[PDB]
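All remarks here apply to the structure that follows.
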Amino acid sequence: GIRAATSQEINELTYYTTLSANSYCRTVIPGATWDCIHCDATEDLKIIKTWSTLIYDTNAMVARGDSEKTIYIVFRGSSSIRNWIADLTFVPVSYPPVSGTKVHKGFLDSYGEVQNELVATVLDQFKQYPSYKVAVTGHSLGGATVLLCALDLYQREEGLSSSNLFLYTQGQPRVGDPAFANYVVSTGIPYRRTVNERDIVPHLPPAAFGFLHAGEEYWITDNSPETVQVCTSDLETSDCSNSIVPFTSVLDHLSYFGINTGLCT
């Protein structure tokens, strides 16, 4: 099906796009403070911890919202996005937890570098607030790591399942082949994949290389008034953003809902 997103659904996706946008501020990661212009939206969240890894430069954080009863996981995209786009090269490798599936090596190496410590900090918080929900979000590169993070959490089968684990991504590139996308749909995890108009990143690598997207597609088709088309299928369809290919845009990547995503502007 194809349907229009509700007011409430746009409000929720703008909230996750803000957390994503905020993560590109050096005072947020690794500063560990809510000292930024749009931080006022999330400033009531308690920042548990932040990371800026050494080899892959993986920037992420764990935050806790008590009034929201949510444990938040946020992944930053690249600190030099134009360049990240211009140079992305895909290197399909086996995804270890699931035999018969392939993922781009570079996303596994990014996650791989923060995994241990991050997952221990999230289980520690979840053991203390078991009633809360776990929400993962990230834009661009951050969206690919966010997806690998949510699968890892579900796979630890620690009380995190489709009913209390949510993934929200903005401008995310495809991460694995068809077989890996099927696997993602098989977990049942609520996955909202947001695409901002003609943003070229959600169309990389080219359709021709063999990768495919999982997650319900929320496509921003207009910004004033904000309009979003939802392709409810959990696998990639030709009915939302793929309909504009190959006439994509690099600048559409840098703004979601009106928020600069990538420059903490």
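Each residue of the sequence shown is one higher than the one before, starting from 9 at the first, in my numbering. Heads up, the beta-carbon is just placed ideally off N, CA and C, and yes, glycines get one too.
For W92: DSSP bridge partner residues: None; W92 has no bridge partner.
What ranges does the alpha helix (DSSP H) occupy inside the stretch 165-207, keeping only unbroken runs of at least 4 residues that lie completely in it? Within the stretch 165-207, the complete alpha helix (DSSP H) runs of at least 4 residues are 186-194.
Residues that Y80 bridges to, as DSSP identifies them: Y80 is bridged to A71 and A143.
In terms of DSSP beta bridges, what is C239 paired with? The partner list for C239 (beta bridge, DSSP) reads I10 and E225.
Using the Cβ count rule (16 or more neighbours within 10 Å means buried), how would you classify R164? An exposed status is given to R164, since fewer than 16 other beta-carbon atoms sit within 10 Å of its beta-carbon.
Could you give the DSSP three-state label for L220: helix, strand or coil? The answer is strand: DSSP assigns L220 an E or B state.
Have a look at the DSSP bridge pairing and note the partners of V101. Beta-bridge pairing links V101 to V111.
Specify, as a first and last residue, the run of the beta strand (DSSP E) that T58 falls within. Its beta strand (DSSP E) spans residues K54 to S60.
Nearest-angstrom beta carbon gap, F98 and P213 [assumed within contact, 8 angstroms]: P213 to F98, Cβ: 4 angstroms. Contact.
Option in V192, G179, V154 and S194 with minimal Cα separation from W227: Selected option, being the one with the closest Cα: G179.
Strictly by DSSP, which residues pair up with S263? As computed with DSSP, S263 is found in a beta bridge with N268.
Please confirm whether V236 and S148 have their CB atoms less than 9 angstroms apart. No, the Cβ-Cβ distance between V236 and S148 is not below 9 angstroms.
Can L173 and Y162 be called in contact, C-beta distance under 9 angstroms? Yes, the Cβ-Cβ distance between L173 and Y162 is below 9 angstroms.
When the Cα atoms are used, what is the spatial distance from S15 to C33? Inter-residue distance for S15 and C33 is about 28 angstroms (C-alpha atoms, whole angstroms).
Return helix, strand or coil for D247, following the three-state DSSP convention. Secondary structure of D247 (DSSP, three-state): coil.
Own chain partners of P198 with C-beta closer than 6 angstroms, once the 5 adjacent residues on each side are dropped: Counting only Cβ-Cβ distances below 6 angstroms, and skipping sequence neighbours, we find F174.
Whole-angstrom Cβ separation of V122 and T66, contact assumed at under 8 angstroms? About 5 angstroms separates the two Cβ atoms, so the contact holds.
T61 versus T273: straight-line alpha-carbon distance, rounded: When rounded, the distance between both Cα atoms is 23 angstroms.
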